[PDB]
Amino acid sequence: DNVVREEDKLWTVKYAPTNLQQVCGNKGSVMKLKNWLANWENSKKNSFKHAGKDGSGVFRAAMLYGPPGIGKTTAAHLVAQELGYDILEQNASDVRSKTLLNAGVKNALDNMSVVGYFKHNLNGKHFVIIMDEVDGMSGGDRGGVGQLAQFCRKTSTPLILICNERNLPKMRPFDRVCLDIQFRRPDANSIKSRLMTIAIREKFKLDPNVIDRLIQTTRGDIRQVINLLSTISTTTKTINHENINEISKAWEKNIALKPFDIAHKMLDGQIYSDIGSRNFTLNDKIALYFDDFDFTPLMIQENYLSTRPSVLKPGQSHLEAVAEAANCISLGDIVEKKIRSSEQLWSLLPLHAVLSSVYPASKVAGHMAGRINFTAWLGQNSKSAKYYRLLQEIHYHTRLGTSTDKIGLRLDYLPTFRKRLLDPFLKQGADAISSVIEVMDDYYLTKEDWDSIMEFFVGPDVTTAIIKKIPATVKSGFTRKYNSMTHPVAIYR
Amino acid sequence: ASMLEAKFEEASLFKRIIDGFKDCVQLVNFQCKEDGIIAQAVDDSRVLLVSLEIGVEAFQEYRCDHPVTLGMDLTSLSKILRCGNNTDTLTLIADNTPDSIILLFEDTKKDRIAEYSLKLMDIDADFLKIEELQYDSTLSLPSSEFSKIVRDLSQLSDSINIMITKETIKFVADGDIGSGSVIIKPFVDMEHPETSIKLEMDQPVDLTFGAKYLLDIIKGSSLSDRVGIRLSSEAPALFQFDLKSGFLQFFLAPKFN
Amino acid sequence: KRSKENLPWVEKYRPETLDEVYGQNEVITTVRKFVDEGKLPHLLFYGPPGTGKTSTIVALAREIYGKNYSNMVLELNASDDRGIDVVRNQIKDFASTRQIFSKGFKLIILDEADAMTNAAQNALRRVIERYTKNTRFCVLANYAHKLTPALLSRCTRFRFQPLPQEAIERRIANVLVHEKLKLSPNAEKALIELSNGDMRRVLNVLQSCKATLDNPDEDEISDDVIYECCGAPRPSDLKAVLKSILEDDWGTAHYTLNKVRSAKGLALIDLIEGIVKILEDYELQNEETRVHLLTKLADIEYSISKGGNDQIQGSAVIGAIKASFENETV
Amino acid sequence: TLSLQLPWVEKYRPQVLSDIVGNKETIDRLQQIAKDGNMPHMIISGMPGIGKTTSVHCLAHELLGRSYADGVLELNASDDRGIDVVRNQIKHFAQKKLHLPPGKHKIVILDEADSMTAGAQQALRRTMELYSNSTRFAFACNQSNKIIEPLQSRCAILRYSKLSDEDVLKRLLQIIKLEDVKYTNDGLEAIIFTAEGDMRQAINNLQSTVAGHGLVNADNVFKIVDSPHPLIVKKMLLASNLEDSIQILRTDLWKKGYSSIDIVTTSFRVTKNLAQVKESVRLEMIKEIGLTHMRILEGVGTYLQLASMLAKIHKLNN
DNA sequence: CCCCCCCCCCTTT
DNA sequence: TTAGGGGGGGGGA
DNA sequence: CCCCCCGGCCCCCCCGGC
DNA sequence: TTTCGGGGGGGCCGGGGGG
Ligand SMILES: Nc1ncnc2c1ncn2[C@@H]1O[C@H](COP(=O)(O)OP(=O)(O)OP(O)(O)=S)[C@@H](O)[C@H]1O
Ligand SMILES: Nc1ncnc2c1ncn2[C@@H]1O[C@H](COP(=O)(O)OP(=O)(O)OP(O)(O)=S)[C@@H](O)[C@H]1O
Ligand SMILES: Nc1ncnc2c1ncn2[C@@H]1O[C@H](COP(=O)(O)OP(=O)(O)OP(O)(O)=S)[C@@H](O)[C@H]1O
Ligand SMILES: [Mg+2]
Ligand SMILES: [Mg+2]
Ligand SMILES: [Mg+2]
């Protein structure tokens, strides 16, 4: 047998934490996870219905999430080993599709460990299923993400899931099934001792005053910090202020910004000045747009009226600059329609970047007056789609009787239908029920069509308060009468 | 090419042995000593343990200078072995500090020699000690019948329950589409002892196991006509197939009560 | 496919040897020198339509390999599947294997490579690099912006210019000799003018002119025949329209434009292009005049490209020209 | 002729770390690593033709030596590199047993790694982590942003800068001495100017000029290498008189056969990078150029549209 | 001990 | 120059 | 006559500029 | 959100071959 010399190993392996206390930072999260896994057995004894002081007794699965290289996997393995559980580990290198998930780990959710039996702690025979890199699985249904979410609800043994981005759409199925544990970027103070110990052991000089800079270079990535030290020390045995700037610039972690950060940066007036534009060039602004080309234009259109500008030309009011920005945004919308047409003119993406984001921002750049808001266009679009679907259903129910298109139905017929369907209840009480039903029968309208019709009106003709004000007895009688009769069908499927 | 030299007079035996458990464990460490070959492998789910013993009598000219350990992936080994022939003699050659092992297929009737090299794997799996245990139930039954029952019951549920009582063996599988049951009792025939189902029940037993694990286990039925199942109250079930001078054993952890 | 005389002239007169390619003397000389001394590099022929790129590469393949070049080269174009899978399997296999027939090197011709996907172009990089000892690549394109920088880094670039007057004249003379045709000097000048450096247009128009003659064995192709077959305005018509626009009142200009167009049913776009060509030579005292002319006429051309009302577009042309030229006084 | 002369980019491809020019500090770091081994996971990024593949291959060769054939696994964009490949072939290579000197490891060279799919990159994470005691990974790419952050965390970042004219001249002089090429200073200056920091391009142009004309002077170099059209476009956009810009457009671009789409795209790029003009003026110019680009994509690609674009740019600039 | 400093991180289909 | 607001954690009158 | 291997459709998810 | 087109990855289906 041949062993590996410690001199042959990577510094990250050579100095990997061995117990939970050596983990730098995120002490609260580590304690929370340890207590959860320690009292998991008691939580099971109570059928996972009684919540303790921490409220973790109602979760059969824990979900650890945070940025890269902060100690998620290390902490998970350390807690699993400390409590004496047998670890069953899965990662992105393994196939975790729905079929493999059901044919693989599914059978281990309520199964004993042969290893835990032949190595004999009372939990030694029980598993701790660690699913690492959950964000590294692709697919909506065949991927098995929803399958893992389902597993998290009925697992008979502890289950720990690890990911990097908890807010991705693919993570939606894990909304409120697991105890969420957040690992944050550790600050320089929580690690300074570790790097100084590594420096003295590795026989190279490191100035403490630059540690804060080094972390800033790695964005709190301890693994990247160790890699940087290992690579730099190969030729430069002393790290001080005389060489910190070059090392930081060469090793800077360039991560794509998120929509809120993109909006904040693009709307800052400083970058649009002569010196600012010379430091942050137009190419940099286009790249910033390209960090997320789908969401950046929506962010800009959402937040371009919520600034105090500092780039106003002489004699120009804020309103005039807003108008110019709005015109440019309209042109950008036209370009976007061109891009997503049958010609697939994706080569126009850079132009879009200028018209939708850079130009209006340069017109209204300044300081954000209030909080930055997420785009409201997506929700409004979904609501409009829902209302149009309901309108189409109503129209094709009433098609046999009316003479109009759906738009004409909304604009013209609906007020009169309101008068002949809703007003009678507010005047004659229950005595009008029959009449209303009669009208419905004349137009093949159902109860759901009635509610949907009542949901369309805007302005002074809003019906929610009026409907809620109706006596409950009248509505109950209306439902009873409608359910006590036979009704026609406009469309026979 | 002299440290380890193990000759099977028939290449079919080793290929069948590998196929017996190639669908459950991928990486396997074979420990070769003067007494023969022993292997122990844990499945990915860590609930099924495969143990293999091959005695010297099974070989023809077994020779081992000093104990050696060979880590092999079973897919590559099966691919290599499928290039041989049953009549051909198969010789395994290994040297000191080997990075690979040589598989030599020789034909006596002809003068055709097929030499293959297989790169060894660096496996750092721990070796577990299995101590002899006295089980409360021991049943020997035909391998074909056991495989048939297992396959029939796996069509209904993901788990199968085995219940052993006085001269009675019951296999149940209850799922969503439906349920199925199979009942057998001990029987012996002098004319056909090979079909004699034998049961020794010190105490009644009741256990449940995963269907996929049993399906993997029954793949060894091609090696032995009979199969021996040992069950304890709360211990892993042992499924054993006997060889000429060795054995293939599957220790399956049951599902928690 | 009963005879070569049944082919369109654009294909009947396809050059078969490098000596039959005109107007690209520098490129032909350089590539011939490369082949003669066995120093052929990876090539990139870039140029506009109908300049001789495909013809040149096919002739080069024939020169290198001879009559059986077809089985000795791997030609792929936009009508074939050229996804990343094709690069990974077919191109890679061809580049790494010896020739079946001879022992010479191997040639891969990626015609119209600007239509290839980015993934396939990226996959081509190491195929080109690894097998350069025995394989060479030729890439043909009209649009260089569709080619990845990595691919361009590995290729030697040759630009095919728009065909000069002399080359078109010589090829026209050869075609006239072959077809037993007569061509007037004015008709020849008009044909060159409308060619715009594309030989395909010359050949197609000449074939149409021959079809137009009542007795092609005795009738000569005059400029009238060319203008009739192509339905294009005469220079005199353009001069008259421009003079009326710049000199007469609106009624006279409108009447003259309508009359000129109705005489032979000319298209407004052809008149616009001819007048633009004429005006480029005009010396203007004010830059604002040129700015207005260019912007307004470009807008009118773009509007015409989508259809619209022809009469309103003609009036717009007249008004734009008059308004622009009113800037030459003050 | 059925014979081929080996290209000089391959004949004089550096075989040792000391023959690579440019990025001196990183090259010395690689030399030290090769000396003492303990190679870590690394990502080498930079622009085309600056010696990334050369650097990786030289490092691997100098580290392994006779064991190179067995201890190196090379995969590039021309090979299959799907998630299945990562999960089977790369994993088998990482698990494989190989006796190496006390300070050496197996190497996986993933050239052009920016083209790898996100699934394969995700699958590589724990493979890198678990088998680091025997295997190390070297990525080479042009755009490091395409490499997912988890992989960047596990690797050492080496960003290659562009080659200066001095290093290019030094390498060209070495190759010229080895080939006894006859040249003139103006010829080498033209080669370097047209190369734009691309060593591969410079060597290819030098070899082509020598083959086609023998003497490497200005005239032959410009006959073989055309003046980059981005500079012509910049001259067109920076002209003060509309007539001058139109003349440049007609004579240097349109009559030379450059397509309208190429002209408009190059104009967009040059305008974006025109640091000498105020950003707002550049934004207006880009708006006009985008209008013209949309018109051209619609099918109206004509000299008149480009002339109108130039007229609008001049009107903006006045 | 509550309060403060200081930072990070979430708003988000 | 720090968008508002909430969470975490070291310091301390 | 029945079971297993492995080529081929088929479906579904994800970029698309430099 | 999403109007083609390319690429990848996973799931069945079925031909052929073997036993
Ligand atoms: N809190 C920490 N303290 C000390 N070292 C750390 C710490 N976090 C990370 N490291 C170092 O970086 C190496 C990797 O740590 P990991 O536990 O893998 O972080 P991670 O958050 O799981 O990264 P990902 O999600 O796989 S990209 C460790 O072996 C340590 O050497
Ligand atoms: N230099 C030329 N000399 C003689 N004929 C030419 C020449 N160029 C084009 N032609 C004629 O036009 C036809 C087409 O020539 P091609 O070589 O196919 O042009 P091309 O540059 O390849 O066109 P593209 O780029 O595919 S649109 C030839 O068959 C010839 O008849
Ligand atoms: N620093 C260099 N020193 C000497 N020659 C170089 C250098 N860089 C490039 N070359 C030469 O150009 C050839 C190609 O170099 P490469 O290493 O392939 O460039 P590259 O950066 O890997 O190209 P990409 O990124 O795949 S497009 C080498 O064989 C050398 O002949
Ligand atoms: Mg991790
Ligand atoms: Mg062509
Ligand atoms: Mg390269």
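So you know, we letter chains A, B, ... as the sequences are listed, proteins then strands, and number each from 1.
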> Which of the following nucleotides, F/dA3, G/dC18, G/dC12, is nearest to the side chain of A/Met368?
Replying inline: F/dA3

>> Please give the distance between the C1' atoms of E/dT12 and H/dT1 as a whole number of Å.
In response: 16 Å

> Tell me: CG of A/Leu257 to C1' of F/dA3, nearest whole Å?
Replying inline: 15 Å

>> Less than 6.0 angstrom from the centroid, inside 45 degrees of the normal: does A/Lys265 satisfy that with respect to the ring of A/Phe280?
In response: yes

> Which is true for A/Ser306 with a 4.0 Å heavy-atom rule: it touches a base, it touches only sugar-phosphate, or it touches nothing?
Replying inline: nothing

> How long is the line joining CG of A/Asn303 and P of E/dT11, in whole Å?
Replying inline: 16 Å

>> To check you understand the geometry: which heavy-atom pair defines the closest contact between D/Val86 and D/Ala120, and what is its length?
In response: CG2-CB, 3.7 Å

>> Nearest to the side chain of A/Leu349, heavy atoms from C-beta on, is which of G/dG17, E/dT12, G/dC14?
In response: G/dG17

>> Quick check for you: name the first and last nucleotides of DNA chain H, 5' to 3', having an atom under 4.0 Å from a heavy atom of chain C.
In response: H/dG6 to H/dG8

> What's the CE-P distance between C/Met116 and G/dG16, to the nearest Å?
Replying inline: 19 Å

> In terms of the nearest nucleotide of DNA chain E, which residue is placed more toward the 5' end: A/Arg185 or A/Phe295?
Replying inline: A/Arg185

> Atom CG of A/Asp175 and atom P of E/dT13: how far apart are they, to the nearest Å?
Replying inline: 11 Å

> Can you name the closest pair of heavy atoms from A/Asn164 and A/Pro67 and give their distance?
Replying inline: OD1-C, 3.9 Å

> Quick one: on DNA chain E, does A/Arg184 or A/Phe374 contact a more 5' nucleotide (nearest heavy atom)?
Replying inline: A/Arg184

>> Expected output check: what is the dot-bracket annotation of DNA chain H, where ( ) and [ ] are pairs inside the strand (brackets for crossing ones), | is paired with another strand, and pairs are Watson-Crick or G-U under 3.5 Å?
In response: .....|||||...||||||

> Within 45 degrees of the axis of the six-membered ring of A/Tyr272 and under 6.0 Å from its centre: does A/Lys285 put its NZ or CZ there?
Replying inline: yes

> Counting side-chain heavy atoms from CB outward, which of E/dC10, F/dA3, E/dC9 is closest to A/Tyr65?
Replying inline: E/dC10

> Taking B/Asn86 for the side chain and B/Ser12 for the main chain, is one N or O donor matched with an acceptor at less than 3.5 Å?
Replying inline: no

> When you check the glycosidic angle of G/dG17, does it come out syn, meaning within 90° of 0, or anti?
Replying inline: syn

>> Expressed as a whole number of angstroms, how long is the span from A/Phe290:CZ to G/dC15:P?
In response: 15 Å

> Base, sugar-phosphate, or nothing for A/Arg172, non-hydrogen atoms under 4.0 angstrom?
Replying inline: sugar-phosphate

> From E/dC9, E/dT11, G/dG17, pick the nucleotide closest to the side chain of A/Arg371?
Replying inline: E/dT11

> What about F/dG11 and F/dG12, stacked or not, using centres under 5.5 Å and planes under 30°?
Replying inline: yes

> Between A/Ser56 and A/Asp54, do the side chains contain an N or O donor and an N or O acceptor separated by less than 3.5 Å?
Replying inline: no

> Atom CG of A/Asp135 and atom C1' of G/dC14: how far apart are they, to the nearest Å?
Replying inline: 16 Å

>> With rounding to the closest Å, how many angstrom separate the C1' atoms on E/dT13 and F/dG5?
In response: 22 Å

>> If you compare all heavy atoms of A/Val30 against all heavy atoms of A/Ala75, which two are closest, and at what distance to 0.1 Å?
In response: CG2-CB, 4.4 Å

> Are the ring of A/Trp346 and the base ring of G/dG17 both nearer than 5.5 Å at their centres and tilted by less than 30°?
Replying inline: no

> Based on the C1'-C2'-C3'-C4' dihedral, does F/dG5 have a north or a south sugar?
Replying inline: south

> Do other residues, nucleotides or ligands put more than 12 heavy atoms under 6.0 Å from C/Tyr143 OH?
Replying inline: no

> What are the two closest heavy atoms between D/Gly119 and D/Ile83, and how far apart are they?
Replying inline: O-CD1, 3.6 Å

> Has B/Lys219 got its NZ or CZ under 6.0 Å from the middle of the six-membered ring of B/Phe21, at an angle within 45 degrees of the ring axis?
Replying inline: no

> 5'-most contact on DNA chain H: A/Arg142 or A/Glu336, nearest heavy atom basis?
Replying inline: A/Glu336

> With a 4.5 Å limit on heavy-atom distance, are the side chains of A/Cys163 and A/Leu64 in contact?
Replying inline: no

>> Given G/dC13, G/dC18, F/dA3, identify the nucleotide with an atom nearest to the side chain of A/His367.
In response: F/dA3

> Checking all strands, does A/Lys27 fall into the base, sugar-phosphate, or nothing category for heavy-atom contacts under 4.0 angstrom?
Replying inline: sugar-phosphate

> Looking for any heavy atom pair under 4.0 Å, which part of the strands does C/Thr117 touch: base, sugar-phosphate only, or nothing?
Replying inline: sugar-phosphate

>> Base, sugar-phosphate or nothing for C/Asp85? Non-hydrogen atoms, less than 4.0 Å.
In response: nothing

> Has A/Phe260 got its ring stacked on E/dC10, by the test of a centre gap below 5.5 Å and a plane angle below 30°?
Replying inline: no

>> Once you apply a heavy-atom cut-off of 4.0 Å, does C/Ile84 come out as touching a base, just sugar-phosphate, or nothing?
In response: sugar-phosphate

> What is the distance from CG of A/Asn26 to P of E/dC7, rounded to the nearest Å?
Replying inline: 18 Å

> Given that D/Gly82 and A/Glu343 both sit by DNA chain H, which one's nearest nucleotide is further toward the 5' end?
Replying inline: A/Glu343

> CD of A/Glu165 versus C1' of E/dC9: gap in Å, rounded?
Replying inline: 15 Å

> Quick one: does A/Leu349's side chain get under 4.5 Å of A/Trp346's, heavy atoms only?
Replying inline: yes

> Touch check for A/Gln270, heavy atoms < 4.0 angstrom, all strands: base, sugar-phosphate only, or nothing?
Replying inline: nothing

>> By the 4.0 Å heavy-atom rule, please label D/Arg87 as base, sugar-phosphate, or nothing.
In response: sugar-phosphate

